[PDB]
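As structure tokens, the structure follows; a few thoughts come after it.
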Protein chains: 2
Amino acid sequence: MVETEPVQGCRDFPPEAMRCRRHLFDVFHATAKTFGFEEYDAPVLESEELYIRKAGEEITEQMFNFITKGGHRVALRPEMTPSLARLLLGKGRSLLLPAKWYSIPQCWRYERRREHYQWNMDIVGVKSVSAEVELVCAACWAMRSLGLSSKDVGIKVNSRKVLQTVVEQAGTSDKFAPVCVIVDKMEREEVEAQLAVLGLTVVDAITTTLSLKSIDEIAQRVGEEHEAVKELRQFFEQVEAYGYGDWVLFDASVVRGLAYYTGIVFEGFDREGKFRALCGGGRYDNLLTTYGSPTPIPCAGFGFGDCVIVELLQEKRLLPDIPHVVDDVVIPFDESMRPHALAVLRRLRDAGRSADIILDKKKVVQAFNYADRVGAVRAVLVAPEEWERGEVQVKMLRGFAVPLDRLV
Amino acid sequence: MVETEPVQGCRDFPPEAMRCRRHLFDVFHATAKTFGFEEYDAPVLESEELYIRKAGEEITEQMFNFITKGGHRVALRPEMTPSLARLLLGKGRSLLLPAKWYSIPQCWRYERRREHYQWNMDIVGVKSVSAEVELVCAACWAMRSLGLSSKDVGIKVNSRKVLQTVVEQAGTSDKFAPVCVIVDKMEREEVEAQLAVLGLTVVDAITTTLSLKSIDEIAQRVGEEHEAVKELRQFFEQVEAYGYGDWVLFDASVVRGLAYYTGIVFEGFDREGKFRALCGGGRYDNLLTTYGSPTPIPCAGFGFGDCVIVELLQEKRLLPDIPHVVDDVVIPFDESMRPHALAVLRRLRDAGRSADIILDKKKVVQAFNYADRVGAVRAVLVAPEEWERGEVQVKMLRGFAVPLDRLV
Ligand SMILES: N[C@@H](Cc1c[nH]c[nH+]1)C(=O)O
Ligand SMILES: N[C@@H](Cc1c[nH]c[nH+]1)C(=O)O
Ligand SMILES: O=c1ccc(Br)c[nH]1
Ligand SMILES: O=c1ccc(Br)c[nH]1
């Protein structure tokens with residue numbers, strides 16, 4: 001008896017479960033198409049070097065990685081963005097900008113679930129916050145398309161520049177990424193200890209700025225035209241104008257856990273406070289300069305997982321079981337009628353219908369139950385008497401005789 | 001400067017290439033839907049035990065496998081069928097039969113390409129050759145849907161039972177799988193040496209039966225009602241009746257390289273003799289008994305790779321570059337018109353159109369070139385004068401003024 005359960009931390013997707021995933025992925029695809037994003041992909045197996053960002057990120061700490069027989073250090077990707085950057089760096093000048101690219105990669109971790117799918121959406125070559133607006137609107141669009149309202153969820157929005165100014169005014173730029181990574185852990189005294197463990201108080205000014213409840217209060221401390229203030233107002237104006245003002249809001253505690261975000265950062269959340277972040281993203285204008293690009297390339301994007309959204313949708317009763325369906329089930333009255341049943345099967349499919357034929361040998365009434373079981377819209381019985389007349393019997397399920405030509 | 005090339009033996013799919021893959025996958029999905037198959041998935045990471053079939057299979061020799069930090073023996077799947085069987089064994093009595101399941105998994109190997117996508121289609125719980133008929137017709141259907149004709153390709157069909165009878169008449173059942181695996185390598189004297197290396201001449205009778213050019217010649221040696229003869233005639237009758245008689249033919253040399261096939265086996269091929277097999281499959285009625293099932297479960301299916309088909313389609317000029325398209329590109333006359341452009345963007349998308357908005361700051365004529373570049377069907381300019389009139393300018397690309405309501 002072989003082991004029927006999957007490998008540790010991984011999910012099986014039999015048809016029932018697969019219909020749920022496909023319901024979600026259809027939306028991710030549909031939303032990307034609606035927003036003009038182009039699909040891409042890359043190996044799930046990338047070199048380990050790609051994720052050595054030396055900043056204590058949880059994503060790179062929990063990296064599912066190994067050595068090949070040939071000695072190479074690789075990993076099942078913990079995220080897509082580095083892969084995207086590699087592709088972009090590879091294209092160089094040939095890449096026409098701006099580019100809007102998406103994918104729904106499976107991503108991995110070691111030490112609970114070890115895999116998830118993550119819709120990625122990234123805009124490349126756009127300096128202005130219109131990028132972040134579009135991205136944030138796409139995330140809302142997908143949630144709305146799944147039946148969620150602005151009463152169910154929102155997106156918290158912030159800029160890392162505010163904090164950058166504080167870290168800059170408090171004496172070096174190099175430590176900013178480790179700082180963001182610790183500060184991200186705030187949601188206690190342990191995080192204060194980590195900031196001390198990093199070195200240097202500036203800790204106090206960080207806590208207060210994370211607690212500032214509005215942009216005007218940021219403007220009090222930054223002036224009405226810090227980059228961050230101008231950007232956020234621009235951001236909120238555009239999202240308001242697009243018609244999703246009830247979906248977004250400011251929150252100064254939002255930094256995200258990733259090292260490479262340089263500007264606007266954001267996070268999807270359920271308004272009942274029950275679930276982890278639904279999606280997360282931001283601007284990362286220096287990543288490609290880090291990977292070696294001679295010219296700086298502005299980038300922004302987000303990742304949107306397949307689990308939290310599903311738990312949420314289940315809680316809201318927005319994931320009813322989707323039963324399998326099929327247009328026609330062709331029933332041979334008996335085995336002598338099979339070749340004729342097959343010709344009819346061909347006609348049905350030729351015309352763009354989805355059809356089965358009873359493959360095994362069974363009595364008509366069993367075949368009808370089977371048809372009902374697989375969610376057939378109508379059953380097409382192919383019997384001798386009707387066949388002579390150039391006909392079949394058709395019964396709608398959601399037995400009048402019909403010519404072959406009139407079936408489709 | 002980071003490494004821009006992907007990991008060894010793996011493919012990047014930037015948008016250009018991804019459109020090609022998606023063109024192929026659309027057909028695999030569309031064909032599965034047409035034939036009533038239900039989608040499923042399972043981890044790419046499976047336990048290594050799943051593929052220890054001890055029969056010298058090339059698929060299990062070339063297994064991309066490793067040990068976890070926790071000591072477990074796993075592998076990136078070299079094929080899907082064992083995963084499918086695991087799922088089936090797991091369901092047991094709950095699984096309603098017959099079941100028709102499909103997937104388009106990425107599968108792996110170590111020692112040339114180390115990964116490929118493989119459309120799988122499997123029918124479970126059907127004793128009769130109607131299963132193999134359906135499967136073979138689906139494979140033809142996909143190739144026809146890609147623009148190929150029966151003049152371009154075919155499917156060679158055979159039964160392993162004929163040979164089984166010869167191995168049985170020549171003295172044990174246990175050695176049959178290793179024998180098939182060697183005999184599969186025939187397409188010289190090295191294969192004769194491998195049959196001797198296995199033991200035991202019966203070798204001679206094997207060579208002659210592989211060379212028998214028709215079923216009547218099989219019937220000469222098996223009788224008109226060997227299981228295999230009755231099955232193949234049944235098979236060919238049904239495929240003829242379905243209307244794909246020009247696509248299929250008998251070939252006694254076809255065994256396939258996999259251990260678990262017990263009955264009908266088949267192989268897609270280009271009629272110019274230029275390419276390796278396009279797809280391959282057959283009946284495997286004992287696999288689930290091997291994995292521990294208390295009741296025998298009849299199964300048949302095939303795998304259909306993503307590379308050979310593409311080379312073939314490229315040779316036949318059936319893979320023209322598919323350019324990106326989008327319905328609308330919204331052009332703000334300048335930055336003061338952005339909020340209005342955004343409201344229009346919202347209307348367009350609300351109505352099920354795919355639309356971009358010029359995200360960056362640029363002059364109208366650049367925005368029009370950009371629109372043409374991304375394959376926009378029409379450009380929607382949002383200027384002050386027209387906005388006052390409740391209007392925008394619309395230009396078809398494959399500048400009349402229009403009311404907002406009349407856009408969609
Ligand atoms: N890679 C980020 C999301 C993201 C995509 N693009 C930019 N950010 C994450 O895994 O959370
Ligand atoms: N797993 C087989 C194809 C197949 C699917 N189902 C049955 N056979 C292969 O890789 O060639
Ligand atoms: O980076 C990640 C995060 C969560 C999971 Br599950 C896999 N990989
Ligand atoms: O089993 C296989 C066969 C070919 C390739 Br590429 C990967 N895996």
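A note on labels: chains of the structure tokens are A, B, ... as shown, every chain counts residues from 1, and ligands are counted from 1 in their shown order.
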
For this session: Show me which residues sit within 6 Å of ligand 1 when counting only C-alpha atoms and all ligand atoms, and put them as a PyMOL selection string.
Result: chain A and resi 79-81+120+122+280-282+300-303

Could those residues be written to a file, using C-alpha atoms, as a compact mmCIF listing (two decimals), in the first residue's frame?
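The resulting result_33.txt:
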```
# COMPACT_ATOMS: atom_id res chain seq x y z
CA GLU A 79 8.99 34.45 -4.82
CA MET A 80 8.82 35.52 -8.45
CA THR A 81 10.10 39.09 -8.47
CA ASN A 120 2.14 38.46 -9.61
CA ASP A 122 4.34 44.13 -12.16
CA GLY A 280 1.22 42.79 -0.77
CA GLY A 281 3.45 44.89 -2.97
CA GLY A 282 5.10 48.21 -3.68
CA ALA A 300 6.41 48.27 -8.96
CA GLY A 301 4.16 45.29 -8.38
CA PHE A 302 2.43 42.92 -6.01
CA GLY A 303 1.85 39.31 -5.08
```

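Shell of range 290-297 of chain A at 8 Å, with only C-alpha atoms counted and residues fewer than 3 places along the chain excluded, is residues 85, 86, 89, 124, 125, 285, 286 and 287 of chain A; 1 and 2 of chain B.
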
For this session: DSSP on the backbone, then: every residue of range 69-124 of chain A marked strand (DSSP E), written as number ranges by chain.
Result: A: 73-76, 99-103, 106-108, 115-124

For this session: From a DSSP pass on the backbone, collect the residues of range 51-267 of chain B flagged as alpha helix (DSSP H) and hand them back as a count of residues only.
Result: 92

For this session: Compile the residues of chain A that lie within 7 Å of chain B, evaluated using only C-alpha atoms, and express the compilation as a PyMOL selection string.
Result: chain A and resi 1-2+4+6-7+10-15+18+33-36+38-43+45-47+86-87+89-90+126+128+130-131+238+241-242+291-292+326+339+342-343+346+349+353-356+359-360

For this session: Please extract the residues at most 6 Å from ligand 3, counting only C-alpha atoms and all ligand atoms, and provide them as a ChimeraX atom specification, using the chain letters and residue numbers of this document.
Result: /A:59,78-79,107-109,113-116

Problem set entry | Within 10 Å of residue 219 in chain A using only C-alpha atoms, minus same-chain residues under 3 positions, as a PyMOL selection string | chain A and resi 162+214-216+222-226+228-230

Could you take the residues named above and write them with C-alpha atoms, as a PDB file, in the first residue's frame?
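Once everything was written out, this is result_22.pdb:
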```pdb
ATOM      1  CA  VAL A 162       8.838  58.978   5.058  1.00  0.00           C
ATOM      2  CA  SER A 214      -2.952  60.436   8.559  1.00  0.00           C
ATOM      3  CA  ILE A 215      -1.114  62.152   5.702  1.00  0.00           C
ATOM      4  CA  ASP A 216      -1.748  65.646   7.096  1.00  0.00           C
ATOM      5  CA  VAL A 222       7.400  66.259   6.337  1.00  0.00           C
ATOM      6  CA  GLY A 223       5.915  69.431   4.847  1.00  0.00           C
ATOM      7  CA  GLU A 224       3.054  69.453   2.330  1.00  0.00           C
ATOM      8  CA  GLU A 225       5.561  68.532  -0.426  1.00  0.00           C
ATOM      9  CA  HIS A 226       7.792  65.712   0.721  1.00  0.00           C
ATOM     10  CA  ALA A 228       5.959  60.873  -0.080  1.00  0.00           C
ATOM     11  CA  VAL A 229       3.188  63.426   0.608  1.00  0.00           C
ATOM     12  CA  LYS A 230       2.922  64.575  -3.018  1.00  0.00           C
TER      13      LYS A 230
END
```

Exercise. Between A:212, A:24, A:206, A:170, which has the minimum distance to residue 252 in chain A (counting only C-alpha atoms)?
Worked result: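 Looking only at the distances to residue 252 in chain A, the closest residue turns out to be A:212.
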
Seminar exercise, completed: residue 118 in chain A proximity check over A:28, A:247, A:387, A:261, using only C-alpha atoms: winner is A:28

Exercise. Could you pull the residues within 9 Å of range 191-205 of chain A, counting only C-alpha atoms, minus those fewer than 2 positions along the same chain, as an MDAnalysis selection string?
Worked result: chainID A and resid 166:167 170:171 175 178:179 182:183 185:186 188:189 207:210

Emit the selected residues as an mmCIF file, in the first residue's frame, including N, CA and C atoms.
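Output below, filename result37.cif:
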```cif
data_model
loop_
_atom_site.group_PDB
_atom_site.id
_atom_site.type_symbol
_atom_site.label_atom_id
_atom_site.label_comp_id
_atom_site.auth_asym_id
_atom_site.auth_seq_id
_atom_site.Cartn_x
_atom_site.Cartn_y
_atom_site.Cartn_z
ATOM 1 N N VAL A 166 13.492 59.845 8.018
ATOM 2 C CA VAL A 166 13.765 59.766 9.455
ATOM 3 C C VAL A 166 15.082 59.036 9.732
ATOM 4 N N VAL A 167 15.299 57.905 9.066
ATOM 5 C CA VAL A 167 16.559 57.167 9.205
ATOM 6 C C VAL A 167 17.731 57.992 8.664
ATOM 7 N N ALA A 170 18.435 60.869 11.063
ATOM 8 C CA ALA A 170 19.015 60.336 12.298
ATOM 9 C C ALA A 170 20.453 59.825 12.127
ATOM 10 N N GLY A 171 21.113 60.201 11.031
ATOM 11 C CA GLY A 171 22.490 59.782 10.762
ATOM 12 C C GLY A 171 22.554 58.719 9.683
ATOM 13 N N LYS A 175 21.597 50.746 6.065
ATOM 14 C CA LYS A 175 20.891 49.984 7.100
ATOM 15 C C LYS A 175 19.367 49.995 6.937
ATOM 16 N N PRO A 178 17.394 46.356 6.368
ATOM 17 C CA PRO A 178 17.268 45.615 7.627
ATOM 18 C C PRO A 178 16.267 46.236 8.602
ATOM 19 N N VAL A 179 16.246 47.567 8.664
ATOM 20 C CA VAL A 179 15.338 48.299 9.545
ATOM 21 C C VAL A 179 13.877 48.054 9.166
ATOM 22 N N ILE A 182 12.744 44.549 10.176
ATOM 23 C CA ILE A 182 12.421 44.395 11.596
ATOM 24 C C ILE A 182 11.113 45.109 11.919
ATOM 25 N N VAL A 183 11.013 46.361 11.483
ATOM 26 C CA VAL A 183 9.836 47.204 11.726
ATOM 27 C C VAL A 183 8.556 46.553 11.186
ATOM 28 N N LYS A 185 7.860 43.559 11.469
ATOM 29 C CA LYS A 185 7.453 42.549 12.453
ATOM 30 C C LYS A 185 6.607 43.103 13.611
ATOM 31 N N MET A 186 6.321 44.406 13.602
ATOM 32 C CA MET A 186 5.661 45.080 14.733
ATOM 33 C C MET A 186 4.289 44.499 15.104
ATOM 34 N N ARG A 188 7.070 42.503 20.251
ATOM 35 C CA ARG A 188 6.752 43.881 20.604
ATOM 36 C C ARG A 188 8.006 44.599 21.102
ATOM 37 N N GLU A 189 8.408 44.311 22.340
ATOM 38 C CA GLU A 189 9.696 44.765 22.857
ATOM 39 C C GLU A 189 10.832 44.008 22.159
ATOM 40 N N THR A 207 9.040 54.563 15.952
ATOM 41 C CA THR A 207 7.766 54.125 16.526
ATOM 42 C C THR A 207 6.669 55.176 16.332
ATOM 43 N N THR A 208 7.010 56.441 16.563
ATOM 44 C CA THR A 208 6.047 57.534 16.450
ATOM 45 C C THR A 208 5.561 57.726 15.017
ATOM 46 N N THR A 209 6.470 57.669 14.046
ATOM 47 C CA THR A 209 6.078 57.822 12.637
ATOM 48 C C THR A 209 5.225 56.662 12.117
ATOM 49 N N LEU A 210 5.454 55.452 12.627
ATOM 50 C CA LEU A 210 4.584 54.307 12.317
ATOM 51 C C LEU A 210 3.169 54.510 12.863
#
```

Exercise. Which distance in Å separates CA of residue 271 in chain B and CA of residue 150 in chain B, to one decimal?
Worked result: 8.6 Å

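Counting only C-alpha atoms and all ligand atoms, the residue from B:25, B:250, B:266, B:236 that sits nearest to ligand 2 is B:266.
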
For this session: Take CA of residue 217 in chain A and CA of residue 251 in chain A and report the distance between them in Å, one decimal.
Result: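 So the two atoms, CA of residue 217 in chain A and CA of residue 251 in chain A, lie 11.5 Å apart.
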